[PDB]
């Protein structure tokens, strides 16, 4: 009965009237897996199913959310799921993966996502499991081009001055950016967000940072830079502070990357008009981070 198909997406947008009424926040925690990544996960799996690539299941590297989404969709749809994830990601992710019956292989913190990718490739070779490859798979961008972006455009009454989003895989900003630039052209500003400690998109060196779910340490092959107008950095403590602030002031239980996005969106909105409309995303929820937030 198409459970996951029907549940994933169509998430709400709220105006942050207690913080800055120019900021509009899309609440991706409403997805059944608790994050925005249910969308690319579903698209990638559906493509892989159609092409007959999953006889031996799935193995995928993850910072947590894409893995949770894959694990959930695999549990329902009948695919074995193996994930690799750095040991530095919140322990809540590990427990959720176990609950969903996925197999989790932790990789060295110091090797970051690169380490997770390498271990996934090794497991793929040993087991025959299929890597969807969230950093290279066009269906990641398509999920946002065909669901998230269309949603945003209409939910915002076709009036948007800026769209702001952290880059993990770059799927969100690429797919949404394509739609919004398609509609508005240079009437809309698309702003990528990354950690001050790992400013690779800005042309800097990778580094250790605490904003889980962004700042992969390299430039994803799927990132569509043609739709991005600029890159803004956010400090670890600014992201944490804003996530705490969202819960306290708006009653919105969002994760650390949501904090980062809203902190960035505030900087973007302050640089322009009092009637500016700046949209961003809250990728997931606060209870996936109680261990650290």
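Numbering follows the first chain given and starts at 1.
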Legend entry - Stretch with the greater mean C-alpha B-factor as recorded in the entry, comparing 263-271 against 59-67: 263-271
Inset, instruction - Would you mind finding, among 200, 73, 176, 97, the residue with the largest C-alpha temperature factor in the entry? - result: 200
Inset, instruction - Select lowest, middle or highest to describe the third in which the CA B-factor of residue 194 falls within its chain in this entry. - result: middle
Inset, instruction - Consider only the C-alpha atoms of the modelled residues in this chain, order them by B-factor as the entry records it, and name the third containing residue 186: lowest, middle or highest. - result: highest
Inset, instruction - For residue 167, return the chain-relative third of its C-alpha B-factor as stated in the PDB record: lowest, middle or highest. - result: middle
Inset, instruction - Taking the chain's C-alpha temperature factors as the reference, tell me which third residue 45 falls into: lowest, middle or highest. - result: lowest
Inset, instruction - Tell me, lowest, middle or highest third: where does the Cα B factor of residue 87 rank within its chain? - result: middle
